[PDB]
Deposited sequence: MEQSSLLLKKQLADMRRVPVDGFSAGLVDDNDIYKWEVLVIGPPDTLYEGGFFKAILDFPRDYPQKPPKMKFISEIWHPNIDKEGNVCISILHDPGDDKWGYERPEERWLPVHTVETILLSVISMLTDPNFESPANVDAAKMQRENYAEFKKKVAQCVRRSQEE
């Protein structure tokens, strides 16, 4: 558990998932990660430097970590509390969380979330509703989050 995370964190830092920077909030606690999420190119989140925190249970492999975004972000799948809500974090097929999954898997499915939001019961309707009909003001609000992430 603590061995797997140390290994995963280390690979992460040597060869990161392009656009992701991982570190520890407390150097003596491998269960709380601070991750810099740079807005992927060709998405409304482009120049964004969104900070986030990963909470890993004591039994990581077979139990998804919780991902909470710090740093204002306007997304259908991120609730009003920054909590990211996506399938692969869910946990009682390949959709949900598997024990063979890694931080890498999570981070990858996160680029997907930002690039292609999944409505079907969004964790943030205000946003879900907005991008669908009032696309105008939506891009305008994502920009507000991107402009704010560049000055913090």
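S.K.: What portions of the deposited sequence, indexed from 1, have no corresponding C-alpha atom in the structure?
M.R.: Gaps vs deposited seq, in order: 1-3, 96-104.
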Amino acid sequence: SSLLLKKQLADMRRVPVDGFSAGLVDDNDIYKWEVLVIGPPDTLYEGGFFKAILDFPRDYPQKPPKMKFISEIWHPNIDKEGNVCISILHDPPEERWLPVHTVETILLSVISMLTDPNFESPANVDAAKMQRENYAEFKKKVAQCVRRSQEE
From here on, numbers count along this sequence of modelled residues.
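S.K.: Comparing 36-44 with 115-123, which has the greater mean CA B-factor as deposited?
M.R.: Mean C-alpha B-factor is greater for 115-123.
S.K.: Do the CA atoms of 106-114 or those of 52-60 have the higher mean B-factor in the entry?
M.R.: It is 52-60.
S.K.: Is the Cα B-factor recorded for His101 in the lowest, middle or highest third of its chain?
M.R.: Answer is lowest: the recorded C-alpha B-factor places it there.
S.K.: Is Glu137 in the lowest, middle or highest third of its chain when residues are ranked by C-alpha B-factor?
M.R.: Ranked within chain, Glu137 CA B lands in the highest tercile.
S.K.: Would you mind checking where the Cα B-factor of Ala10 ranks among the modelled residues of its chain, as the lowest, middle or highest third?
M.R.: Ranked within chain, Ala10 CA B lands in the lowest tercile.
S.K.: Against its chain's modelled residues, does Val17's Cα B factor rank lowest, middle or highest third?
M.R.: Lowest third - that is where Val17 ends up once the chain's C-alpha B-factors are sorted.
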